[PDB]
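Below is upload32.tsv, which holds TSV, C-alpha atoms and all ligand atoms.
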```
chain	number	residue	atom	x	y	z
E	3	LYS	CA	19.16	8.95	9.98
E	4	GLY	CA	16.71	7.10	7.84
E	5	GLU	CA	15.16	10.32	6.45
E	6	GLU	CA	18.44	11.03	4.63
E	7	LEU	CA	17.98	7.91	2.46
E	8	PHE	CA	14.94	9.55	0.82
E	9	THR	CA	16.12	12.97	-0.23
E	10	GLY	CA	16.32	12.12	-3.97
E	11	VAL	CA	14.70	9.54	-6.28
E	12	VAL	CA	14.91	5.97	-4.99
E	13	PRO	CA	14.32	2.82	-7.10
E	14	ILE	CA	11.60	0.51	-5.88
E	15	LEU	CA	10.99	-3.22	-6.29
E	16	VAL	CA	7.74	-4.94	-5.19
E	17	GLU	CA	7.12	-8.69	-5.01
E	18	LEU	CA	3.78	-10.19	-4.01
E	19	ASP	CA	2.81	-13.86	-3.50
E	20	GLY	CA	-0.99	-14.19	-3.33
E	21	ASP	CA	-3.69	-16.78	-2.79
E	22	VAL	CA	-7.33	-15.66	-2.92
E	23	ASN	CA	-9.95	-18.44	-2.48
E	24	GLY	CA	-7.19	-20.87	-3.66
E	25	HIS	CA	-6.45	-18.87	-6.81
E	26	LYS	CA	-2.67	-18.43	-6.66
E	27	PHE	CA	-0.82	-15.57	-8.33
E	28	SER	CA	2.36	-13.49	-8.18
E	29	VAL	CA	2.92	-9.82	-8.97
E	30	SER	CA	6.22	-7.98	-9.56
E	31	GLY	CA	6.54	-4.22	-9.59
E	32	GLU	CA	9.28	-1.76	-10.41
E	33	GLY	CA	9.65	1.98	-10.51
E	34	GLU	CA	10.73	4.84	-8.32
E	35	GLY	CA	9.78	6.99	-5.37
E	36	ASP	CA	10.45	10.63	-4.70
E	37	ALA	CA	9.50	11.36	-1.10
E	38	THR	CA	10.41	15.06	-1.38
E	39	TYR	CA	7.34	15.30	-3.61
E	40	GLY	CA	5.39	12.38	-2.09
E	41	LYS	CA	5.41	10.77	-5.55
E	42	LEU	CA	5.45	7.15	-6.66
E	43	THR	CA	5.71	5.89	-10.25
E	44	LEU	CA	5.36	2.13	-10.65
E	45	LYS	CA	4.37	-0.61	-13.09
E	46	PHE	CA	3.18	-3.99	-11.85
E	47	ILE	CA	2.93	-7.21	-13.82
E	48	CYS	CA	1.11	-10.47	-13.00
E	49	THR	CA	3.87	-12.99	-13.68
E	50	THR	CA	1.68	-16.06	-13.31
E	51	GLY	CA	-1.04	-15.26	-15.87
E	52	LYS	CA	-4.34	-13.53	-15.30
E	53	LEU	CA	-4.75	-11.60	-12.04
E	54	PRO	CA	-7.71	-13.27	-10.28
E	55	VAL	CA	-8.75	-10.07	-8.44
E	56	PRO	CA	-9.03	-6.48	-9.73
E	57	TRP	CA	-5.84	-4.47	-9.76
E	58	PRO	CA	-7.34	-1.64	-7.68
E	59	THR	CA	-7.94	-4.10	-4.79
E	60	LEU	CA	-4.16	-4.61	-4.54
E	61	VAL	CA	-3.06	-0.90	-4.57
E	62	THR	CA	-2.80	-0.48	-0.80
E	63	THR	CA	-0.93	-3.79	-0.44
E	64	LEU	CA	1.54	-3.03	-3.26
E	68	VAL	CA	5.71	1.87	0.61
E	69	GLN	CA	4.51	4.65	2.84
E	70	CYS	CA	8.14	5.73	3.45
E	71	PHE	CA	7.63	7.69	0.17
E	72	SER	CA	4.98	9.95	1.69
E	73	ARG	CA	5.90	13.63	1.82
E	74	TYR	CA	6.22	14.72	5.45
E	75	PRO	CA	6.26	18.53	5.54
E	76	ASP	CA	9.09	20.12	7.50
E	77	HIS	CA	6.94	20.80	10.59
E	78	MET	CA	5.99	17.07	10.72
E	79	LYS	CA	9.29	15.42	10.23
E	80	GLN	CA	9.42	14.18	13.84
E	81	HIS	CA	6.33	12.09	13.05
E	82	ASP	CA	7.71	10.05	10.10
E	83	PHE	CA	7.94	6.52	11.53
E	84	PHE	CA	8.37	4.96	8.10
E	85	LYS	CA	11.67	6.60	7.13
E	86	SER	CA	12.97	6.42	10.70
E	87	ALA	CA	12.85	2.59	10.56
E	88	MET	CA	15.12	2.50	7.47
E	89	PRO	CA	17.32	1.02	6.20
E	90	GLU	CA	16.51	-2.16	8.19
E	91	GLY	CA	12.88	-1.43	7.56
E	92	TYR	CA	9.55	-2.55	8.99
E	93	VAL	CA	7.01	-5.29	8.88
E	94	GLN	CA	3.64	-4.07	7.56
E	95	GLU	CA	0.63	-6.28	8.36
E	96	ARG	CA	-3.00	-5.69	7.40
E	97	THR	CA	-6.40	-7.23	7.33
E	98	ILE	CA	-8.64	-5.65	4.66
E	99	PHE	CA	-12.40	-6.38	4.95
E	100	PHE	CA	-14.40	-5.96	1.72
E	101	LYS	CA	-17.97	-5.07	2.67
E	102	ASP	CA	-20.35	-8.01	1.99
E	103	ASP	CA	-17.41	-10.05	0.66
E	104	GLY	CA	-14.14	-11.70	1.73
E	105	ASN	CA	-10.99	-10.38	3.42
E	106	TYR	CA	-7.27	-10.10	2.60
E	107	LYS	CA	-4.65	-10.71	5.25
E	108	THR	CA	-1.21	-9.44	4.27
E	109	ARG	CA	2.30	-9.43	5.72
E	110	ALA	CA	5.10	-7.49	4.06
E	111	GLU	CA	8.66	-6.45	4.79
E	112	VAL	CA	9.71	-3.02	3.53
E	113	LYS	CA	13.47	-2.41	3.66
E	114	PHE	CA	16.48	-1.47	1.55
E	115	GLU	CA	18.28	-4.06	-0.48
E	116	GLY	CA	21.27	-2.22	-1.86
E	117	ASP	CA	20.10	1.16	-3.14
E	118	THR	CA	16.55	-0.12	-3.84
E	119	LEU	CA	13.59	0.09	-1.52
E	120	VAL	CA	11.92	-3.37	-1.64
E	121	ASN	CA	8.40	-4.32	-0.57
E	122	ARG	CA	8.02	-8.13	-0.30
E	123	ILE	CA	4.50	-9.27	0.46
E	124	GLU	CA	2.44	-12.40	1.15
E	125	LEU	CA	-1.33	-12.07	0.74
E	126	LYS	CA	-4.07	-14.58	1.66
E	127	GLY	CA	-7.73	-13.86	0.74
E	128	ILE	CA	-10.58	-15.99	2.01
E	129	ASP	CA	-14.37	-16.27	1.86
E	130	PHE	CA	-14.80	-14.30	-1.37
E	131	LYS	CA	-18.01	-14.66	-3.34
E	132	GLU	CA	-17.40	-16.34	-6.66
E	133	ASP	CA	-19.38	-13.71	-8.46
E	134	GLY	CA	-18.94	-10.80	-6.06
E	135	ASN	CA	-17.24	-7.56	-7.12
E	136	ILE	CA	-13.76	-8.89	-6.47
E	137	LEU	CA	-13.64	-12.38	-8.04
E	138	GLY	CA	-16.23	-11.21	-10.59
E	139	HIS	CA	-14.02	-8.27	-11.73
E	140	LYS	CA	-16.74	-5.65	-11.30
E	141	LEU	CA	-14.56	-2.75	-10.17
E	142	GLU	CA	-13.79	0.31	-12.24
E	143	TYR	CA	-10.15	0.78	-13.23
E	144	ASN	CA	-9.51	3.94	-11.18
E	145	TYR	CA	-8.91	5.00	-7.59
E	146	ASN	CA	-10.33	7.41	-5.04
E	147	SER	CA	-8.54	9.79	-2.64
E	148	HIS	CA	-8.15	8.78	0.97
E	149	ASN	CA	-7.09	9.69	4.52
E	150	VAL	CA	-4.83	7.15	6.20
E	151	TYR	CA	-4.94	7.63	9.99
E	152	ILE	CA	-1.75	6.90	11.94
E	153	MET	CA	-1.24	6.48	15.74
E	154	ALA	CA	1.62	5.18	17.89
E	155	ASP	CA	0.95	1.50	18.74
E	156	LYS	CA	0.08	0.18	22.18
E	157	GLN	CA	3.65	-1.20	22.72
E	158	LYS	CA	5.18	2.18	21.74
E	159	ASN	CA	7.27	0.21	19.24
E	160	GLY	CA	5.59	0.96	15.89
E	161	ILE	CA	2.31	2.33	14.58
E	162	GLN	CA	-1.35	1.31	14.36
E	163	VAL	CA	-3.08	2.52	11.21
E	164	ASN	CA	-6.77	2.62	10.23
E	165	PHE	CA	-8.59	3.78	7.13
E	166	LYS	CA	-11.31	2.97	4.62
E	167	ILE	CA	-10.74	2.60	0.89
E	168	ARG	CA	-13.67	3.28	-1.45
E	169	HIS	CA	-13.69	1.20	-4.66
E	170	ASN	CA	-15.90	2.41	-7.49
E	171	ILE	CA	-18.03	-0.38	-8.87
E	172	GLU	CA	-19.06	-0.57	-12.51
E	173	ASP	CA	-22.78	-0.20	-11.67
E	174	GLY	CA	-22.09	3.21	-10.11
E	175	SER	CA	-22.07	2.05	-6.50
E	176	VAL	CA	-19.06	2.10	-4.13
E	177	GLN	CA	-17.64	-0.77	-2.19
E	178	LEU	CA	-15.78	-0.25	1.05
E	179	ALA	CA	-12.53	-2.00	1.95
E	180	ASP	CA	-11.93	-1.47	5.68
E	181	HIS	CA	-8.18	-1.45	6.44
E	182	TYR	CA	-6.52	-2.37	9.72
E	183	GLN	CA	-2.76	-2.04	9.72
E	184	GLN	CA	0.24	-2.52	12.06
E	185	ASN	CA	3.88	-1.59	11.30
E	186	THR	CA	6.72	-2.75	13.48
E	187	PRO	CA	10.39	-2.01	13.00
E	188	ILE	CA	12.67	-4.83	11.98
E	189	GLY	CA	15.71	-3.33	13.82
E	190	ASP	CA	15.83	-2.72	17.63
E	191	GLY	CA	17.21	0.84	17.84
E	192	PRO	CA	15.09	3.99	18.30
E	193	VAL	CA	12.43	4.96	15.76
E	194	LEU	CA	10.18	7.99	15.70
E	195	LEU	CA	6.83	7.38	17.39
E	196	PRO	CA	4.33	9.86	15.94
E	197	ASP	CA	1.60	11.95	17.35
E	198	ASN	CA	-1.78	11.17	15.69
E	199	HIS	CA	-1.86	12.40	12.11
E	200	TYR	CA	-2.91	11.19	8.65
E	201	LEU	CA	-1.73	10.80	5.09
E	202	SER	CA	-3.76	12.32	2.29
E	203	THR	CA	-3.52	10.08	-0.82
E	204	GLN	CA	-4.34	10.43	-4.54
E	205	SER	CA	-3.63	7.90	-7.31
E	206	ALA	CA	-4.11	7.55	-11.06
E	207	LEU	CA	-4.01	4.22	-12.88
E	208	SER	CA	-3.15	3.49	-16.50
E	209	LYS	CA	-1.90	0.89	-18.95
E	210	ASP	CA	1.28	0.55	-20.96
E	211	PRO	CA	0.14	0.16	-24.59
E	212	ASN	CA	3.16	-2.06	-25.31
E	213	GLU	CA	2.68	-4.34	-22.30
E	214	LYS	CA	1.04	-7.63	-23.20
E	215	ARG	CA	0.92	-9.16	-19.68
E	216	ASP	CA	-1.89	-8.37	-17.22
E	217	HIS	CA	-0.56	-5.23	-15.52
E	218	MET	CA	-1.14	-1.88	-13.83
E	219	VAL	CA	0.69	1.47	-14.20
E	220	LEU	CA	0.24	3.46	-10.98
E	221	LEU	CA	1.12	7.02	-10.07
E	222	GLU	CA	0.48	8.24	-6.56
E	223	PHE	CA	0.86	11.48	-4.55
E	224	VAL	CA	0.86	11.25	-0.76
E	225	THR	CA	1.28	14.06	1.79
E	226	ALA	CA	1.22	13.87	5.58
E	227	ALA	CA	-1.05	16.33	7.43
E	228	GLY	CA	-3.17	16.83	10.52
E	229	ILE	CA	-0.54	18.50	12.65
E	230	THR	CA	-0.84	22.31	12.71
H	301	K	K	-16.30	-8.61	-15.09
H	302	K	K	-13.96	-5.10	-14.93
H	303	K	K	-7.93	9.73	-8.71
```

Whole structure, structure tokens version:
Amino acid sequence: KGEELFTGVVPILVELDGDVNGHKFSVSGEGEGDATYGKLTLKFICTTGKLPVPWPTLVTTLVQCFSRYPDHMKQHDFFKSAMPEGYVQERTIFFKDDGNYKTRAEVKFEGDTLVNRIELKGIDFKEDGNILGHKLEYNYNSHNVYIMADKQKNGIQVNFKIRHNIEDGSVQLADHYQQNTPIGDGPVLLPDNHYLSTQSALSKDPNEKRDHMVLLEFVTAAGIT
């Protein structure tokens, strides 16, 4: 079924159209995912000029079908079960004492490539807050992403908190509320409650002259015994 599409390395493309406080931008990403290992390797470029928000604030928006589901949890992997037609992923992300992002994405195959196409709208940001002021460290914490069948028993409702390190040594919370709904109408796996355990490392390409982010991530499902 959809799980079979992920047994080796799969190319990824990401495209994001954003508008935060009227500052418009676009981001393109490319790389590969290896769900057997829960690994992602990607590079993202801002194709419109300078990114008006910090790269770390966009990590969660910029393919949870690449999470590693251990064998005893495979009946809980909604994300691969929806493929290849894919799913809609919607979020609101509330930055404590600052503005919010609202995002809508479609994640699906296009040919042999897994594509994440996103629209993002951010509003009510402070002009010199941590986000528009670029006051975040260039790194990423490790998180638990909590997953539960949705009310309609059609997709999943997801909740978690991201912690962004700030350059003054404090931490700013980004409270995530997420819904995923299959694009096709045939059966998908509806999971028992569980979570994903995430870790990420960010870097730069020394030869890349555009504003950009190199991202490597490891994600493993857990919380079923
Ligand atoms: K700054
Ligand atoms: K900075
Ligand atoms: K890390």

For chain E versus ligand K 301 (chain H), which residues have an atom no more than 10 Å away, and what is each residue's nearest atom pair and distance in Å rounded to one decimal, using all atoms listed in the file, chain-then-number order, as CSV?
```
residue,atom,partner,partner_atom,distance
E:56,CA,H:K301,K,9.3
E:133,CA,H:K301,K,8.9
E:134,CA,H:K301,K,9.7
E:135,CA,H:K301,K,8.1
E:136,CA,H:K301,K,9.0
E:137,CA,H:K301,K,8.4
E:138,CA,H:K301,K,5.2
E:139,CA,H:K301,K,4.1
E:140,CA,H:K301,K,4.8
E:141,CA,H:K301,K,7.8
E:142,CA,H:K301,K,9.7
E:172,CA,H:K301,K,8.9
```

Å distance separating CA of residue 118 (chain E) from CA of residue 15 (chain E), one decimal place: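 Atom-to-atom, CA of residue 118 (chain E) and CA of residue 15 (chain E) are spaced 6.8 Å apart.
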
May I have the residues within 9 Å of region 188-193 of chain E as a ChimeraX atom specification, using only C-alpha atoms and disregarding those fewer than 6 positions away in the same chain? /E:82-93,111,113,159-160

Output file for the selection above: C-alpha atoms, as a PDB file, in the coordinates of the input:
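Here's the written file part36.pdb:
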```
ATOM      1  CA  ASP E  82       7.710  10.050  10.100  1.00  0.00           C
ATOM      2  CA  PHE E  83       7.940   6.520  11.530  1.00  0.00           C
ATOM      3  CA  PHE E  84       8.370   4.960   8.100  1.00  0.00           C
ATOM      4  CA  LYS E  85      11.670   6.600   7.130  1.00  0.00           C
ATOM      5  CA  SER E  86      12.970   6.420  10.700  1.00  0.00           C
ATOM      6  CA  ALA E  87      12.850   2.590  10.560  1.00  0.00           C
ATOM      7  CA  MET E  88      15.120   2.500   7.470  1.00  0.00           C
ATOM      8  CA  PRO E  89      17.320   1.020   6.200  1.00  0.00           C
ATOM      9  CA  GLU E  90      16.510  -2.160   8.190  1.00  0.00           C
ATOM     10  CA  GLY E  91      12.880  -1.430   7.560  1.00  0.00           C
ATOM     11  CA  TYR E  92       9.550  -2.550   8.990  1.00  0.00           C
ATOM     12  CA  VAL E  93       7.010  -5.290   8.880  1.00  0.00           C
ATOM     13  CA  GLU E 111       8.660  -6.450   4.790  1.00  0.00           C
ATOM     14  CA  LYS E 113      13.470  -2.410   3.660  1.00  0.00           C
ATOM     15  CA  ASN E 159       7.270   0.210  19.240  1.00  0.00           C
ATOM     16  CA  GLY E 160       5.590   0.960  15.890  1.00  0.00           C
TER      17      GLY E 160
END
```

Near region 196-203 of chain E, counting only C-alpha atoms, which residues have an atom at most 8 Å away, once you skip same-chain residues fewer than 2 positions from it, shown as a list in words? residues 72, 80, 81, 82, 83, 147, 148, 149, 150, 151, 152, 153, 154, 161, 194, 205, 222, 223, 224, 225, 226, 227, 228 and 229 of chain E

Excluding region 178-182 of chain E and residues on its chain fewer than 3 positions from it, collect all residues at most 7 Å away from it, counting all atoms listed in the file, and give them as number ranges by chain. E: 96-101, 163-169

Write the residues of the selection above to a file with C-alpha atoms, as a PDB file, keeping the file's coordinate frame.
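Result written to part02.pdb:
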```pdb
ATOM      1  CA  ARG E  96      -3.000  -5.690   7.400  1.00  0.00           C
ATOM      2  CA  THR E  97      -6.400  -7.230   7.330  1.00  0.00           C
ATOM      3  CA  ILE E  98      -8.640  -5.650   4.660  1.00  0.00           C
ATOM      4  CA  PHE E  99     -12.400  -6.380   4.950  1.00  0.00           C
ATOM      5  CA  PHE E 100     -14.400  -5.960   1.720  1.00  0.00           C
ATOM      6  CA  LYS E 101     -17.970  -5.070   2.670  1.00  0.00           C
ATOM      7  CA  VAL E 163      -3.080   2.520  11.210  1.00  0.00           C
ATOM      8  CA  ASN E 164      -6.770   2.620  10.230  1.00  0.00           C
ATOM      9  CA  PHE E 165      -8.590   3.780   7.130  1.00  0.00           C
ATOM     10  CA  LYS E 166     -11.310   2.970   4.620  1.00  0.00           C
ATOM     11  CA  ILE E 167     -10.740   2.600   0.890  1.00  0.00           C
ATOM     12  CA  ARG E 168     -13.670   3.280  -1.450  1.00  0.00           C
ATOM     13  CA  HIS E 169     -13.690   1.200  -4.660  1.00  0.00           C
TER      14      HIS E 169
END
```

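Using all atoms listed in the file for every distance, the candidate list E:43, E:208, E:30, E:69 yields E:208 as the residue closest to ligand K 303 (chain H).
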
Which is closest to residue 37 (chain E) among E:17, E:71, E:50, E:22, if we use all atoms listed in the file?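 When distances to residue 37 (chain E) are compared using all atoms listed in the file, the smallest one comes from E:71.
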
Please find the residues contacting ligand K 303 (chain H) at a distance of at most 7 Å between atoms, with all atoms listed in the file counted, and report them as an MDAnalysis selection string. chainID E and resid 144:147 204:206

Residues as selected, C-alpha atoms, written as an mmCIF file, in the frame of the given file, can you do that?
```
data_model
loop_
_atom_site.group_PDB
_atom_site.id
_atom_site.type_symbol
_atom_site.label_atom_id
_atom_site.label_comp_id
_atom_site.auth_asym_id
_atom_site.auth_seq_id
_atom_site.Cartn_x
_atom_site.Cartn_y
_atom_site.Cartn_z
ATOM 1 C CA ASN E 144 -9.510 3.940 -11.180
ATOM 2 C CA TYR E 145 -8.910 5.000 -7.590
ATOM 3 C CA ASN E 146 -10.330 7.410 -5.040
ATOM 4 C CA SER E 147 -8.540 9.790 -2.640
ATOM 5 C CA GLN E 204 -4.340 10.430 -4.540
ATOM 6 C CA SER E 205 -3.630 7.900 -7.310
ATOM 7 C CA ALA E 206 -4.110 7.550 -11.060
#
```

Using 12 Å as the limit and counting all atoms listed in the file, can you tabulate each residue of region 40-96 of chain E that touches region 211-217 of chain E, with its shortest atom-to-atom distance in Å and the two atoms involved, as a Markdown table?
```
| residue | atom | partner | partner_atom | distance |
| --- | --- | --- | --- | --- |
| E:44 | CA | E:217 | CA | 10.6 |
| E:45 | CA | E:217 | CA | 7.2 |
| E:46 | CA | E:217 | CA | 5.4 |
| E:47 | CA | E:217 | CA | 4.4 |
| E:48 | CA | E:216 | CA | 5.6 |
| E:49 | CA | E:215 | CA | 7.7 |
| E:50 | CA | E:216 | CA | 9.3 |
| E:51 | CA | E:216 | CA | 7.1 |
| E:52 | CA | E:216 | CA | 6.0 |
| E:53 | CA | E:216 | CA | 6.7 |
| E:54 | CA | E:216 | CA | 10.3 |
| E:55 | CA | E:216 | CA | 11.3 |
| E:56 | CA | E:217 | CA | 10.3 |
| E:57 | CA | E:217 | CA | 7.9 |
| E:58 | CA | E:217 | CA | 11.0 |
| E:60 | CA | E:217 | CA | 11.6 |
```

Under the rule that all atoms listed in the file are counted, which of E:124, E:32, E:6, E:173 is the nearest residue to ligand K 302 (chain H)?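 For ligand K 302 (chain H), the nearest of the candidates is E:173.
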
(1.7, -10.0, 0.5) in this file's frame - what residues fall within 6 Å of it? Use only C-alpha atoms and give the answer as a count of residues only. 8

Expressed in Å, the length from CA of residue 107 (chain E) to CA of residue 132 (chain E) is 18.3 Å

I'd like the interatomic distance between CA of residue 183 (chain E) and CA of residue 95 (chain E), to a tenth of an Å.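 Result for CA of residue 183 (chain E) versus CA of residue 95 (chain E): 5.6 Å, one decimal.
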
When you count only C-alpha atoms, which of these residues is closest to residue 13 (chain E): E:33, E:116, E:104, E:40?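 Selected residue with least distance to residue 13 (chain E): E:33.
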
Six-sided padding of 6 Å per side, axis-aligned box over region 117-127 of chain E, centre and edges in Å, one decimal, as JSON:
```
{"center_x": 6.2, "center_y": -6.7, "center_z": -1.1, "size_x": 39.8, "size_y": 27.7, "size_z": 17.5}
```

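The smallest atom-to-atom distance between residue 230 (chain E) and any of E:12, E:218, E:29, E:78, using all atoms listed in the file, is found for E:78.
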
Given the point (-11.0, -17.1, 0.8) in the file's coordinates, find the residues that have an atom at most 7 Å from it, counting only C-alpha atoms, and give them as a compact mmCIF listing (two decimals) with C-alpha atoms, keeping the file's coordinate frame.
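Writing done, so here's point-v3.txt:
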```txt
# COMPACT_ATOMS: atom_id res chain seq x y z
CA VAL E 22 -7.33 -15.66 -2.92
CA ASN E 23 -9.95 -18.44 -2.48
CA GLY E 24 -7.19 -20.87 -3.66
CA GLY E 104 -14.14 -11.70 1.73
CA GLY E 127 -7.73 -13.86 0.74
CA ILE E 128 -10.58 -15.99 2.01
CA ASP E 129 -14.37 -16.27 1.86
CA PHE E 130 -14.80 -14.30 -1.37
```

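Among E:176, E:14, E:61, E:171, the residue with the shortest atom-to-atom distance to ligand K 302 (chain H), counting only C-alpha atoms and all ligand atoms, is E:171.
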